[PDB]
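Chains as they are written, first to last, in the deposited numbering: chain G, 4 to 42; chain A, 32 to 1023; chain B, 25 to 160, 169 to 217, 223 to 305.
Worksheet for the structure shown next.
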Ligand SMILES: *[C@@H]1O[C@H](CO)[C@@H](O[C@@H]2O[C@H](CO)[C@@H](O)[C@H](O)[C@H]2NC(C)=O)[C@H](O)[C@H]1NC(C)=O
Ligand SMILES: CC(C)CCC[C@@H](C)[C@H]1CC[C@H]2[C@@H]3CC=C4C[C@@H](O)CC[C@]4(C)[C@H]3CC[C@]12C
Ligand SMILES: *[C@@H]1O[C@H](CO)[C@@H](O)[C@H](O)[C@H]1NC(C)=O
Ligand SMILES: [K+]
Ligand SMILES: [K+]
Ligand SMILES: [K+]
Ligand SMILES: [Mg+2]
């Protein structure tokens, strides 16, 4: 917007962290699954 | 020091009984005086063995703390505390950087110390096992009276008494004996009881009957003797010292480790000081000049590599534990793969160590029995009525019995009370005719004449199990020729017939052939006594010939031997196909040694000794060109008068070598001879007479079930199930781990470049620091760890058992070709991918690449809270630093992303991934966990403080993707060239 | 030689020359495409400069400006940087209707010169006289520090509204058009005096938004002179200058995030 362009200097680092941690966890689980296919 | 002990012993068995007493101030009848014995005790010292001085574990741990990488990491750790000290004095720095980084680095050294300490293990209790062979007490005659004393109180000169069941307390001169037999397997590896008597019977004291040795035991009878040697001075006490004293030495794998440590340490100190001066010339304060150096150290040293090696070794040892192959020393996991020569004991190693029936001669025909443990062969005969007649004599004319409670274990494995030949016959009949006890119940023995030294035969009279007869049957066995002189008829295919010169000659032929096979041959015959001349109550006199022992019916011959283990012939061939030379080294007699050599394939068909040529051509042995003989059989008595140079010529000039009737020191000498030629040597054995050889071997392998305690103490590896096929597996595993270590090392080293280059450009370019010191440790200690380990699970790219053993002088674990690829090619591509993401982060925040050159001065200036970017905006100190640390984070993640491809390319040295596939589940696990770790380290809240890791925007993750892909393509194209032309260019330049 | 023969030494050179040449050419290619995705007038991200920093002219050794009044070369270090900044706000530097403009001598509202486009020439910036900075060689005794708000493209600094309570409660509250700056230390052993545009202790909103170096060169950002004529002497005084606003925030880590950290000591 014009004088109300506050969103330009903002970033949702909170969501990014939530998503990043979700991904890291799921990649960790997936890895266990493939490894445990025989121990 | 031990050169004296490598020599054959000198003795006094040639002296008379009386003469021997003068030498030791002793009485043949009364024995020593209580006072004289105590005097000699203080004089000579105790009848005991002293363990050699060991190196304390303290010094062993700390010796690892100073090996190249640890030295550089120490210089870094201290240089951290240096810069910290210089700070705490000058400008009060409330930070924790240099202090904490110095603590972290010192911990890395200590923990890395534990890993190398675990790898360099030496579990040795040789002298302890020997000490277990000296009895607690001994029986001596002192002041004309026998008393039990502490065996350590035994001295040279006293009168000792032994009987069946006790250990020889010391080396004795036999002066009196009654039916005494002894088990000399300690000195020979052969357990057949040897008679002991006062009479001298051989110039060689290790063969004479009037000497009994410490480390052996009396098996039966009784004997008295004069002590000639005590403690360390006994024949086997010296073997003990020799074995326990032998310098261990460095393994092939250990030598390789130190070698690349020098290389990497070299480049580290090079670039280290090369840029330390390069910085001072650029006008950098010593305050900074050291900070850069610390970074250089951390970049160059692969912090997690030595521990990777250890884990890869451990994991390989775990797989072998699961095939009944125990590894006592982690490094011995690889030595077997580098082995070019095997020196093998015969008895209990190549062989089962059990007299077993091998052949039978009946119906004018040679039949072969199955000698294998698990009986993997086939039948020979069942139909012939002759067989049942021979079978009956083998069961009936036999005094051997199975021990109680064995019905659970297989026939051939069960313990038997009796001599070896009777046990063999027992197990033979029990196997192919069912319960022998049944045959001995159906035919009650009424009278017998046990085998006599003079008679050379054993006879028995039984009540024929037949109801229509129920009469008296005579059976006998003995020396083949003696049995022949007592026969008139031969049971041919059922019916008897006169013994014509024809069948008599066929007997001699059969007899000579079986004997030529190194087999012990016995004759078997029977005689159905006439009914009218022998009533149902007729008494037979065993003392005086009350019955005919002539004109009997010859039934057949039976031959026997201590046979090879089932898997042994095939394992020997497999070792030989892998280009490993196999030598036999045995305490056993030459005829037996040679026969098993041919049986297992040590001596291949057609190959001759000089003696074979001479007999065939009917010419003198001196007339034979010795170069025409590729095979040789050396008796220990001849070995004794040969110099090592002459032993070296024997080793060089023959492909098929048998060393027979060797002493324990002689086995050591043969091993050393092989090593002297530059060969990596394995020893396989099971007896205490293998202990020195096992110790000196680059790798000693002991048998687990049949092995003596001493042998297993001297070994690096134990075959817990006595499965000789495990050697073949071991060499295969050893070769595979050697290749996979290269892959894992290249992988680990490759990521050094993207950690070095940022620090260099930081100096030469004056740009903001692309990657931090902490960030490097997150890679080498964090992300790269599981992937690097996973390479240990790689399958072979080709048939590794088809290639020759590596040349330890030329074929190195880390060579110039590895460095060229890891440092010069792939690592360089990784460095760029790192920098790219760095320029991306900065440029998208307002600092375009052009304006970055020569800005670090203002960038690092803590007091400038208004640096202008390319767009004209002003940044405080902490604001721009957040972007900088975000650059460290994405550079870090870029390494991870480019290591994805590197992990896949390091999978194979030659083959394509499209050929080898992706069947390594640990590797895939590594990829997922590596990425999970990196994401966690970036996105987890609080990690921005502890590690200076900042959250990355999604687009950031993909910066290095095009570089990750170029790596995959590049290496795939390169290896395509290797395969397409075995010529050499790409091969001799980059082929690890 | 060391490794190989001359023929081999050559081939290994011909390879790495072509190899590294290609790699350099590829690296450059990826840099090209990166630049191609970026604007010339505005950076892709601005969340890392977001809350504006407040920086001053006196180059602090360590957020500190200690000196002796009874000594000449004791403050000549801080006068060097003070001069460096103000030397830019010269009238001879601001000449003609291009590219400067005379703007309200009293704090006014924002000025939009269109978009971040080159569809116009150099966007005309408001003039600023260093003569608006009353009282301030500089203050040889009791310094005359000069404040500054960090430039951010398209940033509209918004003052706080007088809805509730305020630190400098309602005094000279030019609510609609001034971004205030109140310095503080309890510990009240000083004498705060502020100088600026229109005589206000703030930043005139008519200098915003900043259009960037590419679209606005020679642009001048508003200054706020602060004088501490403290009646005290020979002691470290921790003085913090704070700016207030809707788009202004602070951090415990970044001690320059919309605030000062000055340790004055007139040890004379
Ligand atoms: C910006 O203004 C300052 C004001 O002090 C100028 O400083 C002048 O320097 C000259 C020569 O050194 C002196 O004779 C004057 O006394 C100073 N003041 C004035 C008001 O003229 C400085 O030169 C100016 N800078 C530029 C680039 O124009
Ligand atoms: C950051 C940049 C400027 C550094 C570049 C370093 C280059 C020149 C280095 C890195 C790795 C190096 C190579 C590594 C391996 C080998 C194989 C060896 O048998 C001869 C030297 C040779 C061929 C090296 C020559 C120089 C080399 C290519
Ligand atoms: C600032 O200077 C003016 C003259 O320009 C003078 O009248 C005034 O006293 C000075 N103010 C202070 C607080 O010293
Ligand atoms: K490293
Ligand atoms: K050994
Ligand atoms: K590394
Ligand atoms: Mg043996």
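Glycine included, every Cβ here is placed at the ideal spot set by N, Cα and C.
Whole-number beta carbon distance between residue 777/A and residue 994/A, since they are thought to touch under 8 Å:
By one-based count along the second chain, residue 994/A stands at place 963. By one-based count along the second chain, residue 777/A stands at place 746. About 18 Å separates the two Cβ atoms, so there is no contact after all.
Measure the C-alpha to C-alpha separation of residue 560/A and residue 521/A and round it to an integer number of angstroms.
What you label residue 560/A is simply residue 529 of the second chain in a count that begins at 1. What you label residue 521/A is simply residue 490 of the second chain in a count that begins at 1. Taking the straight line from one Cα to the other gives about 16 Å.
First through last residue of the beta strand (DSSP E) which encompasses residue 264/B:
Walking along the third chain from the start, residue 264/B turns up at place 227. Its beta strand (DSSP E) spans residues 260-265.
What is the residue span of the beta strand (DSSP E) that residue 252/A lies within?
For this step, residue 252/A is matched to residue 221 along the second chain. Start and end: 248-260.
Can you have a look at residue 418/A and say buried or exposed, based on whether 16 or more other CB atoms are within 10 angstroms of its CB?
The count along the second chain starts at 1 and reaches residue 418/A at position 387. Buried, because 16 or more other Cβ atoms sit within 10 Å of the Cβ of residue 418/A.
Helix, strand or coil for residue 850/A? Go by DSSP, reduced to three states.
If you number the second chain from 1, residue 850/A lands on position 819. Three-state DSSP puts residue 850/A in a helix.
What are the residues that DSSP puts in a beta bridge with residue 225/A?
Walking along the second chain from the start, residue 225/A turns up at place 194. For residue 225/A, which the question treats as bridged, DSSP gives the partners 213/A.
Taking the DSSP output, what are the residues bridged to residue 734/A?
In the second chain, the residue the question calls residue 734/A occupies position 703. Paired residues: 750/A.
Chain B residues whose Cβ lies nearer than 7 Å to that of residue 20/G:
Walking along the first chain from the start, residue 20/G turns up at place 17. By Cβ distance, chain B contributes nothing, its closest Cβ being about 14 Å from residue 20/G, past 7 Å.
Would you identify the three-state DSSP class for residue 479/A, choosing helix, strand or coil?
Position 448 of the second chain, counting from 1, holds the residue named residue 479/A. Looking at residue 479/A - three-state DSSP - the assignment turns out to be strand.
Okay, do the stretch 559-579 of chain A and the stretch 737-751 of chain A touch, 3+ Cβ pairs below 8 Å being the bar?
no
When DSSP labels each residue in this structure, what does residue 710/A get in the three-state scheme?
To locate residue 710/A, count along the second chain from 1; it is residue 679. The answer is coil: DSSP assigns residue 710/A none of H, G, I, E or B.
Same chain, Cβ closer than 6 Å to residue 270/A, neighbours up to 5 away in sequence not counted
Translated into the one-based positions of the second chain, residue 270/A becomes position 239. 695.
Please check if any C-beta of chain B sits within less than 8 Å of the C-beta of residue 14/G.
To locate residue 14/G, count along the first chain from 1; it is residue 11. Interface residue, yes.
Does the separation of the CB atoms of residue 204/B and residue 237/B fall below 8 Å?
Within the third chain, numbered from 1, the residue matching residue 204/B stands at position 172. Within the third chain, numbered from 1, the residue matching residue 237/B stands at position 200. Against a cut-off of 8 Å, the Cβ pair of residue 237/B and residue 204/B comes out as a contact.
For residue 683/A, count neighbouring C-beta atoms within 10 Å of its own C-beta (all shown protein chains included) and say buried if the count is 16 or more, exposed if not.
Counting from one through the second chain, the residue named residue 683/A turns up at place 652. Classification for residue 683/A: exposed.
Relative to ligand 4, is the shortest distance from any of its heavy atoms to the C-beta of residue 338/A smaller than 7 Å?
The count along the second chain starts at 1 and reaches residue 338/A at position 307. Residue 338/A Cβ: outside cutoff for every heavy atom of ligand 4.
May I ask you to check if the CB of residue 851/A is nearer than 7 Å to at least one heavy atom of ligand 2?
The count along the second chain starts at 1 and reaches residue 851/A at position 820. Checking the Cβ of residue 851/A against ligand 2 gives yes.
Would you list, in chain order, the members of the stretch 49-70 of chain B that have their beta-carbon closer than 7 Å to a beta-carbon of chain G?
70
Starting from residue 589/A, follow the beta strand (DSSP E) in both directions and report where the run begins and ends.
In the second chain, the residue the question calls residue 589/A occupies position 558. Segment 583-592, the beta strand (DSSP E) holding residue 589/A.
Which residue marks the beginning of the alpha helix (DSSP H) containing residue 976/A, and which one marks its end?
Mapped onto the second chain, residue 976/A falls at position 945. Segment 974-977, the alpha helix (DSSP H) holding residue 976/A.
If the criterion is Cβ atoms closer than 8 Å, does the pair residue 814/A and residue 964/A meet it?
Your numbering for residue 814/A matches position 783 in the second chain. Your numbering for residue 964/A matches position 933 in the second chain. In this structure, residue 964/A lies closer than 8 Å to residue 814/A by Cβ.
Who does residue 909/A pair with in a DSSP beta bridge?
Within the second chain, residue 909/A is the residue found at index 878, counting from 1. Looking at the DSSP assignment, residue 909/A forms no beta bridge with any residue, so it has no partner.
What are the uninterrupted segments assigned as alpha helix (DSSP H) that are 4 or more residues long and contained completely in the stretch 82-126 of chain B, given in chain order?
100-110
Beta-carbon separation (whole angstroms), residue 854/A vs residue 780/A, contact threshold 8 Å
Working through the second chain from its first residue, we reach residue 854/A at position 823. Working through the second chain from its first residue, we reach residue 780/A at position 749. With 8 Å as the limit, residue 854/A and residue 780/A qualify as a contact, their Cβ atoms being about 7 Å apart.
Of the choices 193/B, 298/B, 173/B, 183/B, whose alpha-carbon is the least far from that of residue 304/B?
Along the third chain, one-based indexing puts residue 304/B at 267. Considering only alpha carbons, the answer is 173/B.
Take the Cβ of residue 949/A as the centre, count every other Cβ of all protein chains shown within 10 Å, and call the residue buried at 16 or more, exposed below.
As a working note, residue 949/A is residue 918 in the second chain. Looking at its Cβ environment, which holds fewer than 16 other Cβ atoms inside 10 Å, residue 949/A is exposed.
Identity of the residues DSSP links to residue 688/A by a beta bridge:
Your numbering for residue 688/A matches position 657 in the second chain. BP columns for residue 688/A point to 663/A.
Boundaries (first-last residue) of the alpha helix (DSSP H) holding residue 179/A:
As a first step, residue 179/A is located in the second chain; it is residue number 148 there, counting from the start. Element bounds for residue 179/A: not the alpha helix (DSSP H) but the beta strand (DSSP E), 176-181.
Of all the CB atoms in chain B, is at least one closer than 8 Å to the CB of residue 34/G?
Reading the first chain from its first residue, position 31 is the one you call residue 34/G. It does not; no Cβ of chain B falls within 8 Å.
Is there a C-beta anywhere in chain A that falls below 8 Å from the one on residue 77/B?
Within the third chain, residue 77/B is the residue found at index 53, counting from 1. By this cut-off, residue 77/B is an interface position.
Exposed or buried, what is residue 799/A when buried is set at 16 or more other beta-carbons lying within 10 Å of its beta-carbon?
Along the second chain, one-based indexing puts residue 799/A at 768. Its Cβ being crowded by 16 or more others within 10 Å, residue 799/A is buried.
Using the beta-carbon of each residue, which ones in chain G are nearer than 7 Å to residue 912/A?
What you label residue 912/A is simply residue 881 of the second chain in a count that begins at 1. In chain order: nothing, as chain G lies at least about 16 Å away.
Residue-level contact to chain G via CB, residue 74/B, 8 Å cutoff:
Reading the third chain from its first residue, position 50 is the one you call residue 74/B. Yes, contact with chain G.
Using 8 Å as the Cβ pair cut-off and three pairs as the minimum, do the stretch 29-45 of chain B and the stretch 968-988 of chain A touch?
no
Give a yes or no on whether the C-beta atoms belonging to residue 342/A and residue 765/A are separated by under 8 Å.
Counted from its first residue, the second chain places residue 342/A at position 311. Counted from its first residue, the second chain places residue 765/A at position 734. For residue 342/A and residue 765/A, no; Cβs fall outside 8 Å.
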